[PDB]
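Peer 1: Pasting the sequence and an experimental structure:
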Amino acid sequence: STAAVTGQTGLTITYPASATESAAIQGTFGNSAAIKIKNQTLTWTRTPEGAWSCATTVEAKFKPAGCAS
Amino acid sequence: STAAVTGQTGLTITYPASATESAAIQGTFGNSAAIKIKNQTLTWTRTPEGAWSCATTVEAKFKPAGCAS
Amino acid sequence: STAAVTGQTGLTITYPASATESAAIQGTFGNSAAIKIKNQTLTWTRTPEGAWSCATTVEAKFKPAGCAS
Amino acid sequence: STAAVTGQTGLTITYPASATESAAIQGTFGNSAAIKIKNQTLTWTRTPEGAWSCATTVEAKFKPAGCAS
Amino acid sequence: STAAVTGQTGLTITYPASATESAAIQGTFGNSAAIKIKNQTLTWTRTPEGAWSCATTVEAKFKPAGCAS
Amino acid sequence: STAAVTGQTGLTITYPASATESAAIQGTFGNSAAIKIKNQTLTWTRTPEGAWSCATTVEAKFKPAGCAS
Amino acid sequence: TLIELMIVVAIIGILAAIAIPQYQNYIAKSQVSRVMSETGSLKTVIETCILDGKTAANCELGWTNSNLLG
Amino acid sequence: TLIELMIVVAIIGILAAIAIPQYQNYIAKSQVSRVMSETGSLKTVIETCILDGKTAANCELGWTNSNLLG
Amino acid sequence: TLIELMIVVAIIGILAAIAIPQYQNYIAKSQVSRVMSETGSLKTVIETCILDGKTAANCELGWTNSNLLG
């Protein structure tokens, strides 16, 4: 289970290769998740400066207070 | 090893051959360094009079108090 | 974001300019915070000798043991 | 860089002109020094007999064992 | 404050004086500590040769791996 | 204690006796260490020229950046 | 109502099935780094002994017992 | 009850949304400082070589490889 | 499971309330010691100038600027 190849297909990692790229950890719902959010995604993105933030494509009703961006 | 050739590619030395030129020890980051500073340099320069000073090309927030230009 | 000006309106820094004054890191609550504690503040104060302490204007019911001064 | 005119303003040299005066090398803190000791001073004084000693106006807890006078 | 007298009643320092006794830093729990361990002690002992060790009178299951003596 | 015999079973010193031998400081895990790395070793080797290097037999993901060779 | 209790049970099951990362790597790396530092602290005394010309028995180590056997 | 589980979920959400203090600065500063020390350690041998009059090829360094390329 | 979250919050509060030592003393002492060494390095040249009989303007100092003003 490395950054290049994760254990499962639902988790993807964009690893920067230069000082001007931003890292990303993306997870796509599925399997035991609800039908309404079956194919949505939640991502943690890290800017080159080193700042982490969260985002998601799920509807605003289901969005937690920490990822309403 | 020697000033003319060292055992590391990331360390270079400019050795004076006359009495009117300066000496320099330069090190380029890499390998186990952070990606953000993966290619910057830090140099110790010595004037012909015999004064040593430090400089670096990393961002200001990474510079220690001793190498502030 | 620097000590002089931060990137958030809810966080302020009182930076000492002489050896006889204290430093402060003050943070107000807002948006995602509860309505009850909406406009309260929590501050970290550093005496000129170098001792850090915590204080808050919230009720003692919500005060953690660390900042129960 | 001579005794009469030092390189920087933070260093002062009191050079004797007769056989009865005492020499002094005084350094005032500042620049990259701590704010608490921003304007203190450390002096090396030499009696006309040729004895060197050190004095400092910083707080007692910051004094090294050498200049505890 | 000082080794002779400290600002907290729960912290005591035993300071060597005759170059043949051990030094001790003892702390008795209380205040915000749990009721079960309210009056136990944790001590650091330094032998005259200069070796530091930790001991505590708290129950075995609460002891960290470092002070399991 | 001494280089010939130490007070700990898990620490061994290979002390050179001539100008062509290399020094070694070896430590074997155990006691409070994790079960996975219970019987691994970490060694510091000094060549007769006077160069120090680190090595370890622990798994790759547990190695720090310093002892990655 | 029964559906509320069933939803509560489902939430409990969801929370209980959280993915726990392999925390063994964290502790192992920390312990290996600590042992690295402790063993590297002896390089000063070993080098001074070697450069002084002392024998193995005459080299005094200031070693103290480590809770990690290394 | 359902409200207790929702409070637990809310607390989990608050805990997961903690602010990261942007630790890159500390690591970068420490690495730059250690490179500073390593490169400044060569000033002694360089100055002795220069004041002795040796050529570039005749100056013997005590340099060893550094995990940071600098 | 609410009690587990409350215990986690209590542990977080305990960790956040750690006593910070007055680190100003260490930094101040180190800076004062460094300034002591730099200023004492000039004693050699000052003594040679005095014992040679040179004037203040004729005494050459090999002084280099120090990031600490002292």
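Peer 2: Yep, it's here. Residues are numbered from 1 along each chain as shown, chains lettered A, B, ... in the order given.
Peer 1: Pull up the gap between residue G:12 and chain F, please.
Peer 2: Separation of residue G:12 from chain F (C-beta to the nearest C-beta, to the nearest Å) stands at 32 Å. Every residue, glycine included, has its C-beta placed from N, CA and C.
Peer 1: Chain H contacts on chain A?
Peer 2: A:49-52, A:54, A:64-67 (C-beta under 8 Å from any C-beta of the partner chain).
Peer 1: what about residue A:54, is that helix, strand or coil?
Peer 2: Under DSSP: H, G, I helix; E, B strand; the rest coil, the three-state class of residue A:54 is strand.
Peer 1: now for the one helix or strand residue G:37 maps to, which elements pack on it?
Peer 2: Take DSSP states H and E as the rule and residue G:37 turns out to sit in helix G:24-40. Helices and strands touching helix G:24-40, as assessed by 3 or more C-beta pairs under 8 Å, 6 or more residues apart in numbering or on different chains; DSSP states H and E, comprise strand F:23-28, strand F:41-46, strand F:52-56.
Peer 1: Output the ones you listed as a markdown table; include the columns mean neighbour count.
Peer 2: As requested, the helices and strands packed on helix G:24-40 are exported to a markdown table (neighbours: other C-beta atoms under 10 Å in any protein chain shown):
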| stretch | mean neighbour count |
| --- | --- |
| strand F:23-28 | 21 |
| strand F:41-46 | 19 |
| strand F:52-56 | 18 |
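Peer 1: Can I get these in JSON lines including distance to chain C?
Peer 2: JSON lines is the format used below for those (distance: least, C-beta to the nearest C-beta, whole Å):
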{"stretch": "strand F:23-28", "distance to chain C": "37"}
{"stretch": "strand F:41-46", "distance to chain C": "37"}
{"stretch": "strand F:52-56", "distance to chain C": "37"}
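Peer 1: Go ahead and flag the most central residue of chain G.
Peer 2: residue G:31 (2.0 Å; C-alpha atoms, centre = their mean).
Peer 1: Can you get me a residue count around residue G:35?
Peer 2: A count of neighbours around residue G:35, defined by other C-beta atoms under 10 Å in any protein chain shown, yields 26.
Peer 1: Contact partners for the closest residue in space to it that isn't next to it in sequence?
Peer 2: Distances taken as C-beta to C-beta, 6 or more residues apart in numbering or on different chains put residue G:70 closest to residue G:35, at 3.9 Å, once the chain neighbours are dropped. Counting by C-beta atoms under 8 Å, 6 or more residues apart in numbering or on different chains, residue G:70 touches F:10-11, F:27-30, F:33, F:41-42, G:35, G:38-39.
Peer 1: Apply 6 Å and report the result again.
Peer 2: F:10, F:27, F:29, F:42, G:35 (C-beta atoms under 6 Å, 6 or more residues apart in numbering or on different chains).
Peer 1: can you count the residues close to residue G:28?
Peer 2: 22.
Peer 1: and chain G, which residues reach chain F?
Peer 2: G:25, G:27-29, G:31-33, G:35, G:39, G:42-43, G:56-57, G:59, G:61, G:63, G:65, G:67-70 (C-beta under 6 Å from any C-beta of the partner chain).
Peer 1: any idea how far the nearest residue to residue A:6 once chain neighbours are set aside is from chain B?
Peer 2: Leaving aside its chain neighbours, residue A:6 sits nearest to residue A:13 (6.4 Å; criterion: C-beta to C-beta, 6+ apart). Distance of residue A:13 to chain B, given as C-beta to the nearest C-beta: 15 Å.
Peer 1: How about residue A:47?
Peer 2: For residue A:47 relative to chain B (C-beta to the nearest C-beta), the value is 11 Å.
Peer 1: Surely that residue is in contact with residue A:22?
Peer 2: Yes. The criterion here is C-beta atoms under 6 Å, and residue A:47 meets it with residue A:22 at 5.4 Å.
Peer 1: overlap in contacts of these two?
Peer 2: Common neighbours of residue A:47 and residue A:22 are not found (criterion: C-beta under 6 Å, 6+ apart).
Peer 1: now the angle between strand F:23-28 and the helix holding residue G:37, please.
Peer 2: Helix G:24-40 and strand F:23-28 meet at an angle of 140 degrees, taking axes from the mean of the first three to the mean of the last three C-alpha atoms, to 10 degrees as the criterion.
Peer 1: Got a ChimeraX select line for the buried ones in the residues of chain A next to chain H?
Peer 2: Buried members of the residues of chain A next to chain H, defined by 16 or more other C-beta atoms under 10 Å in any protein chain shown, are picked up in ChimeraX with:
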select /A:50,54,64,66,67
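Peer 1: Which single one of the residues of chain A next to chain H is nearest to chain C?
Peer 2: Closest approach between the residues of chain A next to chain H and chain C, by C-beta to the nearest C-beta: residue A:65, at 4.8 Å.
Peer 1: residues near the closest residue in space to that closest one that isn't next to it in sequence, how many?
Peer 2: Counting by C-beta to C-beta, 6+ apart, residue C:32 is the residue found nearest to residue A:65 once chain neighbours are left out, at 4.8 Å. For residue C:32, the neighbour count with other C-beta under 10 Å is 11.
Peer 1: Could you look up the SS state of residue C:32?
Peer 2: Following three-state DSSP, residue C:32 is assigned to coil.
Peer 1: Next, work out how far apart it and residue E:69 are.
Peer 2: 47 Å (C-beta to C-beta, to the nearest Å).
Peer 1: Report the two of the contacts of residue G:70 separated the most.
Peer 2: Spatial extent of these (C-beta to C-beta) is set by the pair F:10 and F:42 at 10.4 Å.
Peer 1: can you tell me if the helix or strand hosting residue G:6 touches chain A.
Peer 2: Using DSSP H and E, residue G:6 maps to helix G:2-16. No. Helix G:2-16 is not in contact with chain A by C-beta under 6 Å from any C-beta; minimum separation 8.3 Å.
Peer 1: by contact count, what packs against that helix?
Peer 2: helix H:2-16 (3 or more C-beta pairs under 6 Å, 6 or more residues apart in numbering or on different chains; DSSP states H and E).
Peer 1: List the buried residues in the helix it packs on.
Peer 2: In helix H:2-16, counting by 16+ other C-beta under 10 Å, buried: H:5, H:8, H:12, H:14.
Peer 1: mind putting the residues you listed in CSV, distance to residue H:47 included?
Peer 2: Converted to CSV, the buried residues of helix H:2-16 look like this (distance: C-beta to C-beta, whole Å):
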residue, distance to residue H:47
H:5, 71
H:8, 66
H:12, 60
H:14, 58
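Peer 1: Quickly name whichever of these is closest to chain C.
Peer 2: Chain C lies nearest to residue H:14 out of the buried residues of helix H:2-16, by C-beta to the nearest C-beta, at 8.1 Å.
Peer 1: Common neighbours of residue F:10 and residue F:42, please.
Peer 2: Counting by C-beta under 6 Å, 6+ apart, the residues touching both residue F:10 and residue F:42 are F:27, G:70.
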